[PDB]
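S.K.: I have a structure here, written as structure tokens, and I will follow up with some questions on it.
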Amino acid sequence: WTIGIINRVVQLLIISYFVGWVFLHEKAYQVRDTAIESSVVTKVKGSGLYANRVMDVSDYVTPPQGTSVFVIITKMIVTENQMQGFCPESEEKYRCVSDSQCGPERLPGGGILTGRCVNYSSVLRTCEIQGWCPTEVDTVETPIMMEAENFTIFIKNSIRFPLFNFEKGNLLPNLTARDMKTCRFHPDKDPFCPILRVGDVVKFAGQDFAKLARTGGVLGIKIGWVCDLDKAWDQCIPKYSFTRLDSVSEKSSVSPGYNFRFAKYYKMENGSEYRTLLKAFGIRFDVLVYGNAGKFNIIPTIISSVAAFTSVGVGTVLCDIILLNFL
Amino acid sequence: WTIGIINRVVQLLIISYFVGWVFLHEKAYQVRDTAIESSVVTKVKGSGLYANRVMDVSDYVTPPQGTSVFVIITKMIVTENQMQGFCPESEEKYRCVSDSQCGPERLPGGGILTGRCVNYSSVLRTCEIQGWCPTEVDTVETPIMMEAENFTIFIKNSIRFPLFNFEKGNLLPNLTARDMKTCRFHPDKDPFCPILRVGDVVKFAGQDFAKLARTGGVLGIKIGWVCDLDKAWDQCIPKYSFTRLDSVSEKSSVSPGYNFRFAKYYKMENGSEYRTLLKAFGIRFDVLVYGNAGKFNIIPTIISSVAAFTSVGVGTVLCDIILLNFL
Amino acid sequence: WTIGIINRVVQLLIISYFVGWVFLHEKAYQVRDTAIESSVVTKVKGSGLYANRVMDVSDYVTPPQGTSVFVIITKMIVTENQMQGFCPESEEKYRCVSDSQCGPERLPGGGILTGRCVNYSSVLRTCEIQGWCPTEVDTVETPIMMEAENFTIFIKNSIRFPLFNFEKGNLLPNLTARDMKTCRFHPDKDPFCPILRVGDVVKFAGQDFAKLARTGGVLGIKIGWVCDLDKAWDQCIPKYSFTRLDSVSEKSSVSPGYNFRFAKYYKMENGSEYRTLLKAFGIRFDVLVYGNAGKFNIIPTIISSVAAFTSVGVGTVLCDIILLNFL
Ligand SMILES: COc1cc(C(C)C)c(Oc2cnc(N)nc2N)cc1S(N)(=O)=O
Ligand SMILES: COc1cc(C(C)C)c(Oc2cnc(N)nc2N)cc1S(N)(=O)=O
Ligand SMILES: COc1cc(C(C)C)c(Oc2cnc(N)nc2N)cc1S(N)(=O)=O
Ligand SMILES: *[C@@H]1O[C@H](CO)[C@@H](O)[C@H](O)[C@H]1NC(C)=O
Ligand SMILES: *[C@@H]1O[C@H](CO)[C@@H](O)[C@H](O)[C@H]1NC(C)=O
Ligand SMILES: *[C@@H]1O[C@H](CO)[C@@H](O)[C@H](O)[C@H]1NC(C)=O
Ligand SMILES: *[C@@H]1O[C@H](CO)[C@@H](O)[C@H](O)[C@H]1NC(C)=O
Ligand SMILES: *[C@@H]1O[C@H](CO)[C@@H](O)[C@H](O)[C@H]1NC(C)=O
Ligand SMILES: *[C@@H]1O[C@H](CO)[C@@H](O)[C@H](O)[C@H]1NC(C)=O
Ligand SMILES: [Mg+2]
Ligand SMILES: [Mg+2]
Ligand SMILES: [Mg+2]
Ligand code: NA
């Protein structure tokens, strides 16, 4: 019967359409490159106020080179004019009653204990230590640079897909509403402006500057390079996203936030040495570049095609058995 | 007719050859690892002259650890002995006529404005600012360290393909014409010597040292690790390439080059604090490691094979219809 | 004969089992993501002794931010109070007999030669140089901070597979025997504790602290994220490994170990400038994050399936020919 080949042919057509849409969707005809070779250069603009002193970019940004990971310092704890000597440490966990409990077996990873149980103050007696005296007092409260909210991070980024040798940057003037310098990134109003506001990146991360600034944190400015290299070059476009990477699990057991120490090293006119020890809290920024590019290639196209052919060839036989048996 | 199976068999053979060469070419029988786990350690050698002072590696290289991204400083702008205070800023964009136009709404991302319109000089009246005084004057011209051309970057690089747990380095003495220390990288005369000359990397990048040095720039020393792990180990060889990553698009709207500030922090015998503010221009180097390794594996070999079988099985039927119909 | 379809059917079943186990093993039904987007933050705890001075984290860790690559300084060579001037260099390779052999053509990549052959000491006459005087003497022996063995590296790591948008961290309290702070990483007794002991990482690397400390070295703390995202989330677990990346090939020709210089910059009450030049040896740590995630996906499942179907369809025909011919 000719209805055998009309039923057949119709069968073939419908099944072929399903399969074809599925494969063409996922671009299974494409080899993919996922090893994006990115380079990132950043610049911070702004000046803040702290105590009775002004902080400029050289004061609160570290490292100064503009690497993919940098810190804006928002709050700091100063221990000025330390000198090598012996002094009672200030952290309660060094508490003692006798010099018997200041031996080497106590806090083995801690400081260098001299062995003397000495009176730090009238209310607390701690083991004495040799090292930078006086010891740090990391249990006070200090101001935070509010002006950090109005600082700007300018993110130059140049990427290359090496499989296809396709290199492009995120400085796209034909894709920004405003001139390069005047523009600021809004995920909707200007998604390709490379100048981000610190408070913005804080808010897209969905976190509060006051709290973050105080305790420190790690924000990720993610640069994504999903591209179809079958398509025109003007279509390989970077999409920015924002997240808080020091995300706070409910369990905790470790102090959240971000802080690190470093010293400004001075030497006396006398000759002896003395430093200013700084415990710094601020927002670390991690520009995380992702990308993946697809291109037509003879081998994945052939493999995808053969897969389609055979899959339909079986689909019509099983559809014939299900139809003929009618259940 | 036996000519049916001679025509058939010949058909089969030719088509099979085409397909086989295509698949064997792309090594479709291989699973590929593209997540190269690289570690890079660099060392700069050389000394330059600047003003009436000598710069050695500790003076002009930053950071000193030898990371994958480091800067050779070729020109710098010194603002010596800054102190916290009030002074007219020097940048014309702060110009004012009355203190009415030095309110907070002016240059909100700029410095900390005191509110006074003051006479910086007799020809320019700018808003006064609180901060490091005197302000910077970033519109002058200074010399550049020419000797930077004769500096050398020694690039130790150790990579590992984790899918295959295949780790190798780029220090290959059996692959260099000269002893390790005496050798210098030439893309032809010695493509595996890990000691590169700064001016060389500048020239392979195709850019002029004088200009670059003056304005700063970002060069990429790309280490490529394309390897067939089916093949012998002696064949996993690194290939170096060189490119300028701060490439200059015609549109511009942002100053090209590379510069960053940082301060040397001093404290008076009196007690007050004072810094030397340095605006640094130089060549940043970005060692960008790429690699991808192939290996035979049962699954991609089976999939590739099945693809070949079916593709020929259809190719001979369609060749039979085209031949039989003769058009 | 019904034995034709019993032999057939049995054939089909056995071959189908072989193929099915092979494909299901390699999870060929999965698309794989190998572009792990990781962020690493590290903290060092401990204090060491060096000469008659104490070193704390700000003194011996660099950079202080806690990046994926940081150095614990174990031994250092101090050249105190350098000043710009002219002096005979101390390295024997500058040896001369007359000022004729101190011209510009000698050691062109070396220092700035003045041109005078001068008597450094009574036993050695070297070319004079302009630069930081006195010159460095990098041929002496100094102590090493032994307490570095009892220091701890705490490795916070947050990863994201962007293809599947699957983000997880290595801080897993339900996976550690001990509270987060008290725990220490043992590859068996606690493989998910993020606090590693320096001497531990040295020993898992299989190297001796005394020797390493003295000469410097590069250790890699590898964080591996092999995960089946078909499987439950609690199964995406990080596995740590440890290796020495400045591995010593037998050929050598370059000094092993790890060292870098940097200067502490001071200025006189007089006004002139003078630095302390430090040649630092220590253990650099490279947290190298790898990961690869698999997930079921319609396209690789279809391709794998079709491959299986056709492979069995041919396997039974060739098994029929081998059986029928009986050899
Ligand atoms: C410091 O200079 C740079 C540096 C970079 C890299 C190194 C991040 C850069 O990346 C691009 C280069 N080319 C285009 N089309 N887009 C880019 N995003 C642009 C400049 S530039 N010319 O100053 O603005
Ligand atoms: C600082 O020391 C290093 C460091 C590295 C890594 C960390 C970059 C190194 O990488 C190799 C190690 N092994 C081989 N075969 N090739 C390499 N390229 C070699 C030395 S070394 N032994 O001083 O020259
Ligand atoms: C500095 O703070 C951080 C930072 C990070 C990243 C930036 C490395 C971090 O990574 C995780 C975040 N969330 C989970 N579940 N696991 C993690 N490993 C945890 C903390 S935290 N909350 O202080 O301990
Ligand atoms: C580390 O601390 C232990 C005490 O817990 C001590 O016995 C050991 O000697 C220390 N290691 C070094 C190298 O000092
Ligand atoms: C140098 O002088 C300071 C006080 O000005 C003193 O505390 C210190 O001990 C002196 N240095 C030496 C080595 O005596
Ligand atoms: C940022 O600048 C605007 C002026 O453009 C000002 O109104 C605002 O208060 C500033 N933000 C902070 C946190 O000071
Ligand atoms: C310290 O002395 C300098 C001049 O030598 C002076 O300008 C400065 O104001 C003094 N510091 C204080 C706190 O008075
Ligand atoms: C580099 O050294 C050579 C001598 O080997 C010298 O002729 C040349 O002038 C030097 N280059 C520069 C820029 O000084
Ligand atoms: C400053 O004084 C030191 C000695 O205290 C001297 O060596 C140096 O030359 C002086 N500086 C100048 C510029 O004379
Ligand atoms: Mg403390
Ligand atoms: Mg300025
Ligand atoms: Mg030397
Ligand atoms: Na197939």
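Protein chains in written order, with the deposited numbering: chain A, 21 to 347; chain A', 21 to 347; chain A'', 21 to 347. A prime marks a further copy of an entry chain. We put the beta carbon where it would ideally sit given N, CA and C, even for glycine.
Tell me the DSSP bridge mates of A:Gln50?
M.R.: According to DSSP, A:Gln50 bridges with A:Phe316.
S.K.: Consider the C-beta atom of A':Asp158 and the heavy atoms of ligand 11; say whether any pair is separated by less than 7 Å.
M.R.: Within the cutoff, so yes.
S.K.: Measuring from each Cβ to the nearest heavy atom of ligand 13, keep the ones under 6 Å and list them in chain order.
M.R.: Those residues are A:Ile323, A:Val326, A:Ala327, A':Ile323, A':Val326, A':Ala327, A'':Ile323, A'':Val326, A'':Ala327, given in chain order.
S.K.: What first and last residue would you give for the alpha helix (DSSP H) that runs through A':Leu192?
M.R.: It is not in any alpha helix (DSSP H) - A':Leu192 carries neither H nor E in the DSSP assignment.
S.K.: In terms of residues, what are the limits of the alpha helix (DSSP H) holding A'':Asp220?
M.R.: From DSSP, the alpha helix (DSSP H) with A'':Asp220 extends over 218-224.
S.K.: Using the Cβ count rule (16 or more neighbours within 10 Å means buried), how would you classify A'':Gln227?
M.R.: So A'':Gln227 ends up on the buried side.
S.K.: Of the choices A'':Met96, A'':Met165, A'':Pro193, whose alpha-carbon is the least far from that of A'':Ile257?
M.R.: The residue with the shortest Cα to Cα distance from A'':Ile257 is A'':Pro193.
S.K.: Expressed to the nearest angstrom, what Euclidean distance is found between the alpha-carbon atoms of A':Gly86 and A':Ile322?
M.R.: Cα-Cα distance, rounded: 46 Å.
S.K.: Using a Cβ cut-off of 8 Å (strictly closer), state whether A:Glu112 contacts chain A''.
M.R.: Chain A'' contact via Cβ: absent.
S.K.: Sort A:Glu112, A:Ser272, A:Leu216, A:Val29 by Cα distance to A'':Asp199 and report the nearest one.
M.R.: It is A:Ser272 whose Cα lies nearest to the Cα of A'':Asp199.
S.K.: Please name the residue, chosen from A'':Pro320, A'':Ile179, A'':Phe301, that lies closest to A'':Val61 on a Cα-to-Cα basis.
M.R.: The candidate whose alpha carbon is nearest that of A'':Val61 is A'':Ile179.
S.K.: In whole angstroms, give me the CA-to-CA distance for A'':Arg115 and A':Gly277.
M.R.: Near 41 Å, if we compare the C-alpha coordinates of A':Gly277 and A'':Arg115.
S.K.: Starting from the C-beta of A':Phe171, find all residues in its chain whose C-beta is less than 7 Å away, skip the five residues before and the five after it, and write them out in chain order.
M.R.: Closer than 7 Å at Cβ, skipping near neighbours: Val64, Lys65, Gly66, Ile92, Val218.
S.K.: I want to check one thing, is the minimum distance from the CB of A'':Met166 to the heavy atoms of ligand 4 below 7 Å?
M.R.: Answer for A'':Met166: yes, Cβ within range of ligand 4.
S.K.: Identify whether A:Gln31 lies in helix, strand or coil by the three-state DSSP scheme.
M.R.: It is helical.
S.K.: Any residue with its C-beta under 5 Å from a non-hydrogen atom of ligand 5 counts. Can you list them all in chain order?
M.R.: So the residues near ligand 5 by this Cβ test are A:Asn290, A:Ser292.
S.K.: Check the C-beta distance from A:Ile303 over to A:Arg234 and give it rounded, since I have them as a contact under 8 Å.
M.R.: Wrong, their Cβ atoms sit about 11 Å apart, outside the cutoff.
S.K.: Which partner residues does A'':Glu112 have in the DSSP bridge list?
M.R.: According to DSSP, which records beta bridges pairwise, A'':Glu112 is partnered with nothing at all.
S.K.: Mind pulling the chain A'' residues with CB within less than 8 Å of A:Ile323?
M.R.: Under the 8 Å cutoff, chain A'' gives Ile323.
S.K.: How big is the Cα-Cα spacing for A':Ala225 and A':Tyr80?
M.R.: If you take the alpha carbons of A':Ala225 and A':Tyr80, they lie about 21 Å apart.
S.K.: Could you give the first and the last residue of the continuous beta strand (DSSP E) run that contains A:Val246?
M.R.: Per DSSP, A:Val246 belongs to the beta strand (DSSP E) from 237-248.
S.K.: Determine, using beta-carbon pairs with one atom in the region 42-55 of chain A' and one in the region 307-315 of chain A', whether at least three such pairs fall under 8 Å.
M.R.: Touching, per the Cβ criterion.
S.K.: Spell out whether any CB of chain A is found under 8 Å from the CB atom of A'':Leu191.
M.R.: With 8 Å as the cut-off, A'':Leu191 counts as an interface residue toward chain A.
S.K.: Within 7 Å: the Cβ of A:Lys176 and any heavy atom of ligand 1?
M.R.: Yes, Cβ of A:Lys176 sits closer than 7 Å to a heavy atom of ligand 1.
S.K.: Within 10 angstroms of the Cβ of A:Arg136, are there 16 or more other Cβ atoms? Answer buried if so, exposed if not.
M.R.: A:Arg136 comes out exposed.
S.K.: If the criterion is Cβ atoms closer than 8 Å, does the pair A'':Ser58 and A'':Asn177 meet it?
M.R.: Contact flag set, yes.
S.K.: Could you name the residues of the same chain whose beta carbon sits closer than 7 Å to that of A'':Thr196, not counting the 5 residues immediately before and after it, in chain order?
M.R.: The residues are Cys203, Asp210, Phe212, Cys213.
S.K.: May I ask you to report which of helix, strand or coil DSSP gives A:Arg234?
M.R.: A:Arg234 falls in the helix class under three-state DSSP.
S.K.: For A:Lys201, would you say it is in contact with chain A', using Cβ-to-Cβ distances shorter than 8 Å as the test?
M.R.: Cβ-Cβ to chain A' under 8 Å: yes for A:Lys201.
S.K.: Does the structure place the region 325-334 of chain A close enough to the region 325-334 of chain A' that three or more beta carbon pairs sit under 8 Å?
M.R.: Yes: at least three Cβ pairs fall under 8 Å.
S.K.: For A:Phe346, which residues does DSSP report across the bridge?
M.R.: Per DSSP, none; premise fails for A:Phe346.
S.K.: Determine whether the beta carbon atoms of A'':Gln102 and A'':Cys147 lie at a separation below 8 Å.
M.R.: Not in contact: A'':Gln102 and A'':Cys147 (Cβ atoms no closer than 8 Å).
S.K.: Is A:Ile132 close to chain A'', meaning its C-beta is less than 8 Å from at least one C-beta of that chain?
M.R.: By this cut-off, A:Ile132 is an interface position.
S.K.: Return yes when at least one heavy atom of ligand 9 lies under 7 Å from the C-beta of A':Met288, else no.
M.R.: Every heavy atom of ligand 9 is 7 Å or more from the Cβ of A':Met288, so no.
S.K.: Going along the chain, which residues of its own chain have a beta-carbon closer than 6 Å to the beta-carbon of A':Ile35, five neighbours each way excluded?
M.R.: Only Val332, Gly335 meet the Cβ criterion.
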